[PDB]
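*Asks:* Just passing along the structure, written as structure tokens.
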Amino acid sequence: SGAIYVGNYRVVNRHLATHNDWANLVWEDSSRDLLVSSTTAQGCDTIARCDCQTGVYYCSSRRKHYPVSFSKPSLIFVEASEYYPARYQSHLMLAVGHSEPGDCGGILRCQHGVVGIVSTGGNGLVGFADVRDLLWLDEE
Ligand SMILES: CSCC1(CC(=O)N2CCC[C@H](C(N)=O)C2)CC1
Ligand SMILES: [Zn+2]
């Protein structure tokens, strides 16, 4: 579990969104595994606006933050789950790291701020839904 809290927005994995998230919906995209809802309180996270490929992510199944090298956001095949049918998840970045079930929502960050949230993995893989192109998170 986990979310990004920027301005009056809460960014979560679409597959983990609550009824309150759906009832206060700003934007959602199933191909990216992302959903954004509105919040009453202002958040403290800042979004990175960059092309970094190195950063650090939080792994809840290890209680640890790990430094990683990650790929650029791409259209990458994600094996079926209980959440998604084989498909192609867009704006996804991959790294070598531990992930197991339980871990989505953990933040990936670089020197500029929040880059994205854990969305996929397995294998000694971990994939990150990017948020750096969502410029509207910084306003309104
Ligand atoms: C070994 S479990 C790896 C995970 C879970 C995992 O990959 N999926 C299950 C939930 C939906 C994910 C999606 N973004 O399509 C796929 C990352 C924590
Ligand atoms: Zn950066």
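Just so it is clear, chain A uses Swiss-Prot numbers, and the residues here are 869-1008, in order.
How was it done? The header gives X-ray crystallography, 1.2 Å.
Heads up, the Cβ atoms here are built off N, Cα and C, so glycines get one too.
Copied straight from Swiss-Prot:
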ACT_SITE  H883  active site, for protease 2A activity
ACT_SITE  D901  active site, for protease 2A activity
ACT_SITE  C972  active site, for protease 2A activity
BINDING   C918, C920, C978, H980  Zn(2+) 1 binding site
*Asks:* Starting from the Cβ of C972 (active site, for protease 2A activity), draw a 10 Å sphere and report how many other Cβ atoms land inside it.
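*Replies:* Excluding its own Cβ, the number within 10 Å is 23.
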*Asks:* Using the recorded Zn(2+) 1 site (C918, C920, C978, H980) as reference, state which further residues of the same chain have their Cβ within 8 Å of the centre of those residues' Cβ atoms, listed in sequence order.
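*Replies:* Close Cβ neighbours, site residues excluded: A916, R917, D919, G923, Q979, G981, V983, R1000.
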*Asks:* Using Cβ atoms only, which residues of the same chain lie under 8 Å from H883 (active site, for protease 2A activity) while being at least 6 residues apart in sequence?
*Replies:* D901, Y951, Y952, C972
*Asks:* What is the number of other Cβ atoms found within 10 Å of the Cβ of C920 (Zn(2+) 1 binding site)?
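*Replies:* A 10 Å sphere around the Cβ of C920 (Zn(2+) 1 binding site) contains 16 other Cβ atoms.
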*Asks:* As a check: which entries in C920, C978, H980, the binding-site residues, place their Cβ less than 6 Å from an atom of ligand 1?
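*Replies:* From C920, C978, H980, counting a Cβ under 6 Å from ligand 1 as near, there are none.
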*Asks:* Taking ligand 2 as the reference and 6 angstroms as the Cβ limit (strictly under), which recorded positions among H883, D901, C920 are close?
*Replies:* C920
*Asks:* Can you tell which of the binding-site residues (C918, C978) has the fewest other C-beta atoms within 10 angstroms of its C-beta?
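*Replies:* Among the binding-site residues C918, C978, the lowest count of other Cβ atoms within 10 Å belongs to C918.
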*Asks:* Which residues does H980 (Zn(2+) 1 binding site) neighbour through Cβ under 8 Å, counting only same-chain ones at least six apart?
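*Replies:* Once residues fewer than 6 apart are set aside, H980 (Zn(2+) 1 binding site) is near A916, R917, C918, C920.
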*Asks:* Can you count the other CB atoms that lie within 10 A of the CB of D901 (active site, for protease 2A activity)?
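*Replies:* Summing over all protein chains shown, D901 (active site, for protease 2A activity) has 25 other Cβ atoms within 10 Å.
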